[PDB]
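First comes one chain, alone, set out as structure tokens in the form deposited without the ligand.
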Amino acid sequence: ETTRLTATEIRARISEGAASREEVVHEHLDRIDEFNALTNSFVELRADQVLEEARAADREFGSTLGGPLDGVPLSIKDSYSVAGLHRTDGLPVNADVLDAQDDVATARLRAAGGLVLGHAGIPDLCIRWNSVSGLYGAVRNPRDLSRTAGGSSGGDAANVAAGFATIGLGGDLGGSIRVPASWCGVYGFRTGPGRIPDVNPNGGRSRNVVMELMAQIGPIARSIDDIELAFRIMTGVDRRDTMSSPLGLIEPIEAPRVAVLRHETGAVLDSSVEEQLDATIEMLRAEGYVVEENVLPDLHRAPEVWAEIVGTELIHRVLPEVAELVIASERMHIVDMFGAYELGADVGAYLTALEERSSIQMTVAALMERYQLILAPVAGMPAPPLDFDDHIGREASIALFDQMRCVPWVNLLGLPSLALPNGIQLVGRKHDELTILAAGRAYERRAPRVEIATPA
């Protein structure tokens, strides 16, 4: 069935006349209807509408493929507007927010022929590594339904892992692509500054530049070719996003040196995660990369400064506004974890943190002239139980943060990173996305192909 196949494989079936686009969509919709009650990962569907799109293309063009995503079913995170779908942030108060226009990233996927099946589940506010909302409930991991799918792009990761869609669209502010992609055993690519514009023609709330500098859009998929396809389609300037650039993609570096991050950000790692890190080092070396351990300086401040900057804003701006609109577990995750790092009410403390961010960014940029890739864990543990961050208190929330210290430094410093299905990531410099994907292909050449999960 096409639910098990990559985008290239689906398109080959269509071009050979072995499947219609409508048949492909029906296969995915039927699988969703069978298993989505268990994962709760597709939270809003557009079944009739996407079948009409598929049929339209079948009738007009038949087996001739149009754009590069023609025939390919897609999952889109609730956060990214899709014309005719609701954009809620997980909140019951926003249940009536229905968008007239696609976001630019979504529009590019659809213009290329992509078939959007619906919107994917998220946590309230998209601030959580567990996709639990007031409006839709909890996303459950298709690999083990007792476990979190991660977050904030947990629904998209779950949809791709379950074979409900071929490619997903998420975003990453504090691991929000990489964490759920790894915990659901799929690829998740956080792009870097400039490449994919974040433009919502329906009117978003205005954001602090500091927060905008740390967030990037990216695809989730079961193969690197699908990651790259979606990445290339979405890349391109749009001057409605200040952060967008017309700079082209840069061809992969010849013989990049790889530095290994293990404990240098202070992360607390399970033995099983250390074993995957070691396995990935082995794979890269067998593919001819030079990989070096114990070359990075003490970077424990990097995830801390992320939490200070983000936490101060959540505690002093966001919670005061939305505390009554979010589920209690969301409020308490913010208070329990981000409350441990927030800087208090004094603007001077926040300004000092912003200076430290710049200092760390410059230090890491300088060392990445020698080590153009950093290989690191994503999470310090495999997918935890659904309740792992539910009303756990301050002490346990500090422990959770310590398990996640290989994640948010990437956001702080504005770097692209590919999460691999084994929970290890490849981080690159700004603008060096294709170098990252080349290293990803080295892992892909060595590890078994990603297979879909059947929720049970």
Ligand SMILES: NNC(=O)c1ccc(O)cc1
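A residue's number is simply how far along the shown sequence it sits, counting from 1.
**Student:** Comparing 315 to 323 with 294 to 302, which has the greater mean CA B-factor as deposited?
**Tutor:** Taking the mean B-factor of the alpha carbons in each, 315 to 323 is higher.
**Student:** Mind pulling up the entry and telling me whether 364 to 372 or 204 to 212 has the higher mean Cα temperature factor?
**Tutor:** Comparing 364 to 372 with 204 to 212, the higher mean C-alpha B-factor belongs to 204 to 212.
**Student:** With respect to the C-alpha temperature factors reported in the PDB entry, which of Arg394, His431, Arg46, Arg405 ranks highest?
**Tutor:** Out of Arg394, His431, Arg46, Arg405, the record gives the largest C-alpha B-factor to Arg394.
**Student:** Which is it among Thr191, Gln276, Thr88, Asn159: the one with the largest CA B-factor in the entry?
**Tutor:** Largest recorded C-alpha B-factor: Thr88.
**Student:** Among the modelled residues of its chain, does the C-alpha B-factor of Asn422 lie in the lowest, middle or highest third?
**Tutor:** It belongs to the lowest third of the chain when residues are ordered by C-alpha B-factor.
**Student:** Which third, lowest, middle or highest, does the CA B-factor of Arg331 fall in along this chain?
**Tutor:** Its C-alpha B-factor, which the entry lists for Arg331, ranks in the highest third among residues of this chain.
**Student:** Among the chain's modelled residues, which third holds the C-alpha B-factor of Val82?
**Tutor:** Middle third.
**Student:** Could you place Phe61 in the lowest, middle or highest third of its chain by Cα temperature factor, using the values in the record?
**Tutor:** Highest third of the chain for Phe61's C-alpha B-factor.
**Student:** Using the B-factors in the PDB entry, rank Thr352's C-alpha atom against the chain and give the third, lowest, middle or highest.
**Tutor:** Highest third - that is where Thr352 ends up once the chain's C-alpha B-factors are sorted.
Beyond the structure shown, there is the form deposited with the ligand bound, which is absent from this document and is the topic of what follows.
**Student:** Tell me, which of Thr166, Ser182, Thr148, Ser152 has a heavy atom within 4.5 angstroms of the ligand in the deposited bound form?
**Tutor:** The residue from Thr166, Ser182, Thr148, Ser152 that makes the contact is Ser152.
**Student:** Quick one: of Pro142, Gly218, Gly175, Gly71, which gets a non-hydrogen atom within 4.5 angstroms of the ligand in the deposited bound form?
**Tutor:** So the residue touching the ligand in the deposited bound form, by this definition, is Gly175.
**Student:** Heavy atoms within 4.5 Å of the ligand in the deposited bound form: which stretch in 126 to 134, 353 to 361, 235 to 243, 154 to 162 meets that?
**Tutor:** Stretch with heavy atoms near the partner: 126 to 134.
**Student:** Does the ligand come within 4.5 Å of any heavy atom of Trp306 in the deposited bound form?
**Tutor:** The answer is yes: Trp306 has a heavy atom within 4.5 Å of the ligand.
**Student:** Does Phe338 make contact with the ligand in the deposited bound form, using a 4.5 Å heavy atom cut-off?
**Tutor:** It does: once the ligand is placed as it appears in the deposited bound form, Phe338 has a heavy atom within 4.5 Å of it.
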